[PDB]
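Trainee: begin with these chain(s), straight out of the complex:
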Amino acid sequence: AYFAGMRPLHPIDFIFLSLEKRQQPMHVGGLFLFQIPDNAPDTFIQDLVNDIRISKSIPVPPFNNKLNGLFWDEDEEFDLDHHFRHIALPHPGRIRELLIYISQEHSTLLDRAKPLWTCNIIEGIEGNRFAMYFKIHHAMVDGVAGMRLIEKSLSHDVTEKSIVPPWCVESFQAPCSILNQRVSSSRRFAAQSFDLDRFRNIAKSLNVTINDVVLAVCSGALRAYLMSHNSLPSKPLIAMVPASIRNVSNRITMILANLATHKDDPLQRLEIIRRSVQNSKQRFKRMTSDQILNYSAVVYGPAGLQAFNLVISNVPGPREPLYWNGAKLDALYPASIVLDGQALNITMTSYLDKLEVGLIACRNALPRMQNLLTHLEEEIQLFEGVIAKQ
């Protein structure tokens, strides 16, 4: 064995630790929005956190794993107050201020002396909700593995009562642009839910896929945002994009595609994007460790002359609702990684027939990045408008 019980790091794990620097933390995160149960006492949160604070249960893997050289070792002294925070948003708890708080928290490095995760419970969200923000290093999980952890730790049964804390359960065509700039550590997170049936209706009317429509909505929104800052490149943006929107224990194949942001017509943009996705020869399967390794090298350590301007990621979420001690998971937003030369990341999760959009950027490279949420909505409306006339 290896030091009696330890496990060597996987090469994938080691990539994300070696590439982490002050200016580019290599953790991912999930913003969970929970609806307080209809029949819950006013002390529902206080009691849930109190059960956590007094619990004698020990974290189960991977939450009890910590680094020891090039090996995963077991944490023998769980330090709750290192990993856990319970705070409240001041009245009236608007989503604006929640996202400010998450932007700040997503900026800070994880301490490598302890298991590489933290958990925030934020009470007082408008609309009778509370939030959990779970930060976890990419050396431990990517989005798909994170989703499996979510499904193991939460319940599909609204009646089941939680008895332990969640962590104890069971070739270079891309132009220069302001997106491609050295980054700071300070982040801006902008998140919003969209009804997936709007994209489904557009796809059916124009005889394309939902993935085609989503990518065209992103393209038009990026074109509008860049134009508003007089920063639209002459050549179109190139992006690493999914081949599909949902694809069986599977990570979706990723494709190098032309986003056609230099065209001024939405149908023209959609047409170029659809063809590019269909016909691109730079296709990166993510079914085997080696395939995932090679994809990770392309994306996080690309060779240079750049190859692409941004990554648009898709992390499938569950189709059936989840619950925490009876509280319904109302929304789930992904927060991914920015790094030098990639100051904007777009990641999306499908959950309950919603498209959960998580935008993460370097605060100083992309000012007012949150405007992209408005540009996205306006682009959906544009496609809906042209179909309404047709």
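Mentor: Cool, got the structure. Numbers count the residues shown, from 1 in each chain, chains lettered A, B, ... in the order given.
Trainee: what does the helix or strand encompassing residue A:202 rub up against?
Mentor: Element membership of residue A:202 [criterion: DSSP states H and E] is helix A:196-206. Helix A:196-206 is contacted from outside by A:209-210, A:212-214, A:217, A:267, A:270, A:350, A:353-355, A:380, A:383-384, A:387, A:390, using C-beta atoms under 8 Å, 6 or more residues apart in numbering. All C-beta spots, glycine's among them, are computed from the backbone N, C-alpha and C.
Trainee: quick check: next helix or strand after that helix?
Mentor: Remark: after helix A:196-206, the chain's next helix or strand is helix A:210-228, criterion DSSP H and E.
Trainee: how far off centre is that next one?
Mentor: Its chain's C-alpha centre and that of helix A:210-228 lie 18 Å apart, by C-alpha atoms, centre = their mean, to the nearest Å.
Trainee: with stretch A:279-297 instead?
Mentor: Taking C-alpha atoms, centre = their mean, the mean C-alpha location of stretch A:279-297 is offset from the chain mean by 19 Å.
Trainee: and that stretch, what's buried?
Mentor: Within stretch A:279-297, the residues that qualify as buried are A:284-286, A:292, A:295-296, counting by 16 or more other C-beta atoms under 10 Å.
Trainee: ok, stretch A:172-191 next?
Mentor: A:174-175, A:177-181, A:183-185, A:187-191.
Trainee: could I get the CA-only coordinates of that stretch as CSV?
Mentor: The C-alpha trace of stretch A:172-191 is given here as CSV (Å, rounded to 0.1, in the frame of the first residue of the first chain):
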residue,chain,number,x,y,z
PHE,A,172,-5.2,29.6,-33.5
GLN,A,173,-8.2,31.5,-35.0
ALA,A,174,-9.4,33.3,-31.9
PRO,A,175,-9.0,37.2,-32.0
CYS,A,176,-7.6,39.3,-29.1
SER,A,177,-10.3,40.6,-26.8
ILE,A,178,-10.9,42.0,-23.3
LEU,A,179,-11.9,38.5,-22.3
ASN,A,180,-8.3,37.3,-22.9
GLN,A,181,-6.3,39.3,-20.4
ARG,A,182,-4.4,38.6,-17.2
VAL,A,183,-6.8,38.3,-14.3
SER,A,184,-7.0,39.4,-10.6
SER,A,185,-8.3,37.2,-7.8
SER,A,186,-11.4,39.4,-7.2
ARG,A,187,-14.5,37.9,-8.8
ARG,A,188,-18.0,38.9,-10.0
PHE,A,189,-20.7,36.2,-10.0
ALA,A,190,-23.9,36.9,-11.9
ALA,A,191,-26.6,34.2,-11.8
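Trainee: so how far is it off the chain centroid?
Mentor: Relative to the centre of its chain, stretch A:172-191 is centred 16 Å away, using C-alpha atoms, centre = their mean.
Trainee: for residue A:125, give the beta-bridge partners.
Mentor: Beta-bridge partners recorded for residue A:125 (DSSP bridges): residue A:129.
Trainee: hey, where'd the strands end up in the stretch 51-200 of chain A?
Mentor: With DSSP state E, counting those that start in this stretch as the criterion, the stretch 51-200 of chain A has strands at A:65-68, A:71-74, A:84-88, A:117-125, A:129-137, A:187-195.
Trainee: mind giving me the packing neighbours of the last one?
Mentor: Under the contact definition 3 or more C-beta pairs under 8 Å, 6 or more residues apart in numbering; DSSP states H and E, strand A:187-195 sits against helix A:95-105, strand A:327-335, strand A:354-362, helix A:371-389.
Trainee: the first one too?
Mentor: Counting by 3+ C-beta pairs under 8 Å, 6+ apart, the packing neighbours recorded for strand A:65-68 are strand A:71-74.
Trainee: name the nearest residue to residue A:9, sequence neighbours excluded.
Mentor: Sequence neighbours aside, residue A:70 is the residue nearest to residue A:9 in space, at 5.2 Å (criterion: C-beta to C-beta, 6 or more residues apart in numbering).
Trainee: chain B should join the structure above:
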Amino acid sequence: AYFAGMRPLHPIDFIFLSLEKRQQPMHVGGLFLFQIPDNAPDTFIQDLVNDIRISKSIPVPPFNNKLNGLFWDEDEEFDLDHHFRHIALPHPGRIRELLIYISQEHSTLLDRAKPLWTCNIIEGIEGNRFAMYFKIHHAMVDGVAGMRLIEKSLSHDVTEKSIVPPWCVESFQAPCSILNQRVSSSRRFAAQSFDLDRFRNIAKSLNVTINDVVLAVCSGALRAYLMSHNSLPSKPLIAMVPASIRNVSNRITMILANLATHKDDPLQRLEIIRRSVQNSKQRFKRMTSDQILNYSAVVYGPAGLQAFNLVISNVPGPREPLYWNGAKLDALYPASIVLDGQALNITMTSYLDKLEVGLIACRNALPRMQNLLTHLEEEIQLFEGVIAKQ
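Mentor: Okay, chain B now, added to the rest:
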């Protein structure tokens, strides 16, 4: 493909690049001693180097490979005077001063902007010899892969004349000790050839393996050296050692073993070592990439509470002589890697029924480390003495 022709780094490659720091370069080296041909003109070296300087031939892989992000790319502009040096040792060219020169050269980092190798030709060595010192990053080759490059680039035929430069051809039981100390970048290299038949005769007389005898010779020598500096630990040194001395395209399995340096009798030391090598349960095969990966993690990124005090490596060399433009390869010495917590490395190569010993150390952790060559000889003589009486 990956950027049209490039190749992703192997995880093994990436370990040796990521762990390199100022104080611990991660290159290996070979010191080649050549005998000038009996019928050679006095301008043999001048002409060989001149043929190199004027050659229009291009390096072949791996010598034309260079880093580009997390990928191997092709070097499109070979810069001879970056990679190549021709110097002379001042008269009378003793081996003492050759090893001083190699100690200094083995201390310096390789520039990552170019292919990760350099070649030194040193003329004027005593005894009608010249030396080649070839430095190459472990991200490109380990010892066994290096030996295969040597056999491809040199000739087995004394009559064959070279027409191109060589690069164009075709659980924690180990005590604290001064060996286990943070290191500087400055190196001391101490190299010497021993007749392998002396170890063979000892092995036959005492009914043990040659590997058993070599390890016992190392143990007694290390005990004497440490005692001479009042630095012999009370507990025995633990070492990562080979299971055999020659083992088919194979890397020898490595074993965690008790060197028994706390015993004062050579036969006692030999007995403990032989049993430990036979019975140790920490055995690390190196037949597959995964196995080599895991071995590399143990050795170069060990977990801590250390596990071992040093590594004694064996790199098999050819059994038949090699030649360069008629000049016989008379001797071949390996120079390996020291790092934080491992200030001494012992590596050995079998060539022409000789045991070629290459000792490499942090200059400042182990003063007068070259005395170990004397202690090694004295230990062989000790075993020969006890057999002569028996």
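Trainee: what about the contacts of helix A:196-206 again, now that chain B is present?
Mentor: A:209-210, A:212-214, A:217, A:267, A:270, A:350, A:353-355, A:380, A:383-384, A:387, A:390 (C-beta atoms under 8 Å, 6 or more residues apart in numbering or on different chains).
Trainee: that helix to strand A:354-362, inter-axis angle?
Mentor: Here the directions of helix A:196-206 and strand A:354-362 differ by 100 degrees (axes from the mean of the first three to the mean of the last three C-alpha atoms, to 10 degrees).
Trainee: for helix A:196-206, buried residues please.
Mentor: A:196, A:198-199, A:201-203, A:206 (16 or more other C-beta atoms under 10 Å in any protein chain shown).
Trainee: then stretch A:104-119?
Mentor: Using 16+ other C-beta under 10 Å as the burial criterion, the residues of stretch A:104-119 that qualify are A:105-107, A:110, A:114-119.
Trainee: just the terminal-to-terminal distance for it.
Mentor: End-to-end span of stretch A:104-119 (C-alpha to C-alpha, to the nearest Å): 14 Å.
Trainee: spell out which parts of chain A neighbour chain B.
Mentor: A:2-4, A:6, A:8-9, A:11, A:14-15, A:18, A:68-71, A:73, A:171-172, A:293-294, A:297-298, A:300-304, A:307 (C-beta under 8 Å from any C-beta of the partner chain).
Trainee: in ChimeraX, select just the buried ones from these.
Mentor: For the buried members of the residues of chain A next to chain B, the matching ChimeraX selection, counting by 16+ other C-beta under 10 Å, is:
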select /A:2,3,6,8,9,11,14,15,18,68,69,70,71,73,293,294,297,298,300,301,302,303,307
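Trainee: ok, now which ones touch the most centrally placed residue in chain A?
Mentor: Centroid-nearest residue in chain A: residue A:334, 2.5 Å away (criterion: C-alpha atoms, centre = their mean). Contact analysis of residue A:334 by C-beta under 8 Å, 6+ apart lists A:28-30, A:143, A:313, A:315, A:347-349, A:356, A:358.
Trainee: give me the buried subset of the contacts of helix A:196-206.
Mentor: Buried members of the contacts of helix A:196-206, counted by 16+ other C-beta under 10 Å: A:209-210, A:212-214, A:217, A:270, A:350, A:354-355, A:380, A:383.
Trainee: what's residue A:223 in contact with, if anything?
Mentor: Residues in contact with residue A:223, defined by C-beta under 8 Å, 6+ apart, are A:232, A:261-262, A:269.
Trainee: any chance of CSV for the residues you listed, columns neighbour count?
Mentor: Formatted as CSV, the contacts of residue A:223 follow (neighbours: other C-beta atoms under 10 Å in any protein chain shown):
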residue, neighbour count
A:232, 19
A:261, 28
A:262, 18
A:269, 25
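Trainee: let me know the closest of the residues you listed to residue B:248.
Mentor: residue A:261 (57.4 Å; C-beta to C-beta).
Trainee: per-domain residue ranges of chain A.
Mentor: Split into domains by automatic domain parsing, chain A comes to A:7-168, A:187-319+A:332-389.
Trainee: any idea how far chain B is from residue A:364?
Mentor: Between residue A:364 and chain B the computed distance is 24 Å (C-beta to the nearest C-beta, to the nearest Å).
Trainee: same question, residue A:233
Mentor: 21 Å.
Trainee: that older thread, can you lay out the buried residues of helix A:196-206 as a markdown table showing distance to residue B:239?
Mentor: Shown next, in a markdown table, are the buried residues of helix A:196-206 (distance: C-beta to C-beta, whole Å):
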| residue | distance to residue B:239 |
| --- | --- |
| A:196 | 62 |
| A:198 | 67 |
| A:199 | 63 |
| A:201 | 70 |
| A:202 | 68 |
| A:203 | 65 |
| A:206 | 70 |
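Trainee: nearest to chain B among the residues you listed?
Mentor: residue A:203 (31.7 Å; C-beta to the nearest C-beta).
Trainee: so who does residue A:180 touch?
Mentor: By C-beta under 8 Å, 6+ apart, the neighbours of residue A:180 are A:174, A:306, A:309, A:341-343.
Trainee: check the burial of the residue lying closest to residue A:55 once chain neighbours are set aside by counting its neighbours.
Mentor: Of all residues not flanking residue A:55 in the chain, residue A:165 sits nearest, at 5.7 Å (C-beta to C-beta, 6 or more residues apart in numbering or on different chains). Residues within reach of residue A:165, counting by other C-beta atoms under 10 Å in any protein chain shown, total 22.
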